Ligand SMILES: CCCCCCCCCCCCCCCCCCCC(=O)O[C@H](COC(=O)CCCCCCCCCCCCCC)COP(=O)(O)OCCN
Ligand SMILES: CCCCCCCCCCCCCCCCCCCC(=O)O[C@H](COC(=O)CCCCCCCCCCCCCC)COP(=O)(O)OCCN
Ligand SMILES: CC(=O)N[C@H]1[C@H]([C@H](O)[C@H](O)CO)O[C@](O)(C(=O)O)C[C@@H]1O
Ligand code: NA
Ligand code: NA
Ligand code: NA
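Residue numbers (the deposited numbering), protein chains in the order written: chain A, 1 to 612; chain B, 2 to 121.
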């Protein structure tokens with residue numbers, strides 16, 4: 001049918017709306033009057049497990065899980081089909097692992113009780129084997145399309161036969177899999193983790209998605225050493241999503257969608273263009289100020305670019321500005337988004353590094369302002385050098401009309417930044433209240449958000465968060481494997497041997513990150529270098545909150561370096577200009593970002609003031 | 002394969018206990034040896050192991066930097082020195098050994114009698 005093809009959409013959207021209603025009810029019933037709800041947080045997390053797995057299924061269907069195509073794209077087309085076929089087979093193996101070891105967890109936890117809900121801790125573990133049945137469907141469909149475009153090599157009836165045969169064997173005669181147990185053939189000793197690492201990099205640079213490559217590495221490690229333990233480690237695939245902090249990822253995404261779509265990001269631009277814009281090169285000041293004001297609501301740089309680039313480039317080209325600077329400044333000012341709170345990069349860091357997210361937000365607040373000031377100064381110098389004509393000052397009436405129109409919008413950051421700092425809201429409650437306020441703004445104060453549009457925004461927020469949920473729940477699985485083998489300790493010993501002072505350690509880490517971000521995306525790198533770099537930073541005495549801020553700023557540079565820059569591509573799309581023009585025009589504005597990175601690296605006390 | 006524990010009992014907060022495990026019946030160097038902990042009413046948790054990891058002994062996150070595991074491969078003995086014992090370490094410590102050298106002491110094949118450690 002068609003209601004089955006669009007099933008995760010209407011199921012995840014409805015579950016997300018229900019979770020949002022439960023959380024807002026909890027917040028109101030706890031703040032307005034003293035009557036806390038005991039069943040709200042656990043019910044919300046139970047719903048979010050299903051929501052995240054439905055998002056993962058959507059990502060499997062759309063083939064929109066993060067991969068590294070730097071070396072894969074350079075392969076000849078004839079040799080590019082065998083690799084893709086092997087990648088599809090590996091994804092199938094991961095899905096069968098999910099199904100079998102989720103059914104085992106579901107059947108092994110029928111006696112554990114959820115104290116607040118009074119329900120068994122299996123309705124949370126029922127999600128993994130259940131949604132996987134959808135994933136095996138959406139996978140096969142996704143394969144059937146690939147053979148239609150000459151992208152795979154095996155006819156999609158042999159894949160179906162293999163899938164059903166493997167599922168039947170898994171649920172009937174699992175012992176037939178003991179042939180594949182690699183510990184019966186290879187005895188690599190205690191140095192197996194370094195053979196499942198070079199075999200994890202070979203997969204990661206051959207085009208296998210990050211989330212699936214991590215799981216294949218875990219499978220290889222547990223097959224080579226001892227399979228009997230994988231039954232107990234697989235639990236990390238489920239309770240990693242039972243996190244109250246992680247709920248702030250699909251909400252902070254949604255509050256970045258309900259503002260571009262509800263037209264609240266244009267009133268802010270009008271306010272910035274009214275107050276500023278009559279300065280020396282003020283059409284770049286309005287750009288940076290709009291980015292700064294919008295960074296208090298969104299948490300992604302690509303959202304900032306896609307929501308403000310057309311307006312900013314149009315306003316700048318209505319004043320005679322060159323194409324290069326128009327495309328470069330609107331790309332360089334994106335990075336203010338994931339720095340000023342809220343930010344999804346810092347939420348991911350706090351999840352991976354087990355750090356407080358409120359303190360990460362407070363720490364990253366200041367570098368956002370520093371970067372904004374540096375970008376404004378560099379833009380002023382560039383414009384005064386190029387001799388752009390100063391635009392006439394707006395009348396004292398337009399500057400007030402714009403503010404009066406875009407007045408309720410400006411209060412959104414005060415809810416978040418002033419709510420987390422004051423201690424009234426936890427970051428997840430801040431996300432829920434911000435989403436509720438954005439709904440009120442776009443539906444009852446500005447009257448531009450319908451119900452179908454709101455549901456579509458919820459569905460696409462679920463879809464976007466589902467591609468990070470998979471990586472979260474597989475990096476949690478891989479991290480314990482990599483941390484019991486003490487690999488980070490060995491790498492830290494090597495780093496200290498080659499770099500003596502801790503400042504040299506910071507410099508070398510920054511250089512490695514800068515080199516890698518040129519060819520690797522900022523999201524396919526946070527789950528590749530951070531899980532191993534965080535323990536090294538902890539060992540060499542680096543503060544983890546400061547390290548998180550520094551790594552976020554170092555990876556936000558990576559979307560501007562033009563071997564592979566997402567911000568450059570987005571700005572090129574929205575500005576109707578070549579990627580090369582944007583890449584060449586952003587070079588003048590990389591210098592202030594480097595200056596900010598240096599002065600926060602060698603002055604750590606700047607970052608750690610608001611948290612402390 | 003036989004493993005017998007030694008040392009234990011009750012101490013205050015920071016008693017710096019010293020558990021020992023005298024083991025026989027195998028090759029001391031080819032077998033990964035270690036200790037795991039089971040609380041009075043909790044799932045077993047791995048504590049430490051030698052010969053498991055390639056370079057350095059494995060330590061649990063909550064026993065790191067205050068537990069040290071040492072070898073005595075002349076009398077075939079494994080020592081676990083615990084310092085700064087928090088009142089949450091009241092449990093039973095079991096000495097384990099396994100032919101597979103991987104840092105998972107709670108899933109090791111062989112296990113000793115165990116010793117009660119109380120911290121008040
Ligand atoms: C046209 C050509 C196309 C080729 C297609 C190839 C298809 C096969 C691909 C792999 C299939 C998925 C494997 C991963 C998921 C495994 C599912 C769980 C299996 C399982 O638990 O079996 C145990 C035994 O198997 C075990 O002991 C597990 C061993 C296998 C685990 C994975 C090993 C790595 C993958 C192998 C790579 C090399 C070969 C590649 C072809 C249980 O048995 P029990 O008695 O212990 O439990 C029962 C008492 N509790
Ligand atoms: C973003 C993607 C990844 C970014 C980083 C890599 C980018 C470029 C990729 C090219 C490869 C660069 C080097 C990485 C090697 C990873 C595996 C290290 C293990 C290794 O090969 O040496 C071991 C020696 O142990 C030792 O004494 C050395 C241990 C060194 C451990 C380093 C592990 C890093 C894994 C990557 C994590 C991400 C980066 C974090 C810094 C075992 O030797 P063998 O068993 O192969 O012996 C072969 C003879 N039979
Ligand atoms: C577009 C893409 O593939 N990756 C981008 C991700 C995704 O938008 C993710 O879904 C949400 O973090 O966001 C960034 O990390 C960000 O703005 O901070 C930049 C990165 O280039
Ligand atoms: Na932000
Ligand atoms: Na912008
Ligand atoms: Na780049």
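Beta carbons: idealized from backbone N, C-alpha and C, even for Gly.
- The C-beta of residue 538 (chain A) comes no closer than 7 Å to any C-beta of chain B.
- Between residue 585 (chain A) and residue 328 (chain A), the CB-CB gap stays under 7 Å.
- Think of a sphere of 8 Å around the beta carbon of residue 228 (chain A): the chain B residues whose beta carbon falls inside it are 108, in chain order.
- Residues of chain A with a Cβ closer than 7 Å to the Cβ of residue 55 (chain B) are, in chain order, 190, 191.
- A direct Cα-to-Cα measurement between residue 394 (chain A) and residue 269 (chain A) gives close to 14 Å.
- For the pair residue 303 (chain A) and residue 256 (chain A), the CB atoms are nearer than the 7 Å cut-off.
- Residue A:274 holds the alpha-carbon nearest to the alpha-carbon of residue 397 (chain A) among A:207, A:14, A:274, A:368.
- Rounded to whole angstroms, the gap between the alpha carbons of residue 463 (chain A) and residue 19 (chain A) is 16 Å.
- Looking at the backbone, the Cα of residue 220 (chain A) and that of residue 135 (chain A) are separated by about 22 Å.
- According to DSSP, residue pairing for residue 83 (chain B) in a beta bridge involves B:68.
- Per DSSP, the continuous beta strand (DSSP E) segment holding residue 5 (chain B) begins and ends at 3-7.
- The straight-line gap separating the alpha-carbon atoms of residue 362 (chain A) and residue 596 (chain A) is approximately 17 Å.
- DSSP places residue 383 (chain A) outside any beta strand (DSSP E); the residue lies instead in the alpha helix (DSSP H), whose first and last residues are 357-386.
- Residue 67 (chain B) is outside the set of residues whose beta carbon lies under 7 Å from a beta carbon in chain A.
- Taking 7 Å as the Cβ-Cβ cut-off, the region 458-489 of chain A approaches chain B at 484, 485, 486, 489, given in chain order.
- Boundaries of the alpha helix (DSSP H) harbouring residue 10 (chain A): 8-31, taken from the DSSP string.
- The Cβ-Cβ distance between residue 19 (chain B) and residue 114 (chain B) does not fall below 7 Å.
- Chain-order list of chain A residues neighbouring residue 101 (chain B): 225, 226, by C-beta distance under 7 Å.
- The nearest non-hydrogen atom of ligand 2 is 6 Å or more from the C-beta of residue 566 (chain A).
- Within the DSSP secondary-structure output, residue 458 (chain A) pairs in no beta bridge.
- By the rule that beta-carbons nearer than 7 Å mark a contact, residue 105 (chain B) touches chain A.
- When DSSP states are grouped into helix, strand and coil, residue 212 (chain A) belongs to the helix group.
- Against chain A, the beta carbon of residue 59 (chain B) has neighbours under 9 Å at 484, 485, 486, listed in chain order.
- A distance below 7 Å between beta-carbons, with the five flanking residues on each side excluded, links residue 611 (chain A) to the following residues of its chain, in chain order: 359, 362, 363, 545.
- Taking every residue with its beta carbon within less than 7 Å of a heavy atom belonging to ligand 4 gives, in chain order, A:295, A:296, A:298, A:299, A:337, A:338, A:339, A:340, A:341, A:342, A:343.
- Taking a contact to require three or more Cβ pairs closer than 8 Å, the region 330-341 of chain A and the region 288-307 of chain A qualify as touching.
- Secondary structure at residue 110 (chain A): coil, using DSSP grouped into helix, strand and coil.
- Counting along the chain, the unbroken alpha helix (DSSP H) around residue 267 (chain A) starts and ends at 264-275.
- According to DSSP, residue pairing for residue 99 (chain B) in a beta bridge involves B:33.
- With at least 16 other beta carbons inside 10 angstroms of its own, residue 465 (chain A) counts as buried.
- Residues 455, 458, 459 of the same chain have their beta carbon placed closer than 6 Å to that of residue 13 (chain A), with the five preceding and five following residues left out of the count.
- If you draw a straight line from the Cα of residue 577 (chain A) to the Cα of residue 525 (chain A), it comes to about 27 Å.
- Excluding sequence positions up to five before and after residue 307 (chain A), its CB lies within less than 6 Å of the CB of 260, 265, all in the same chain and listed in chain order.
- As far as DSSP is concerned, residue 485 (chain A) takes part in no beta bridge.
- Per the C-alpha coordinates, the member of B:11, B:10, B:35, B:87 positioned closest to residue 4 (chain B) is B:35.
- For residue 46 (chain B), the uninterrupted beta strand (DSSP E) run begins and ends at 46-51, by DSSP.
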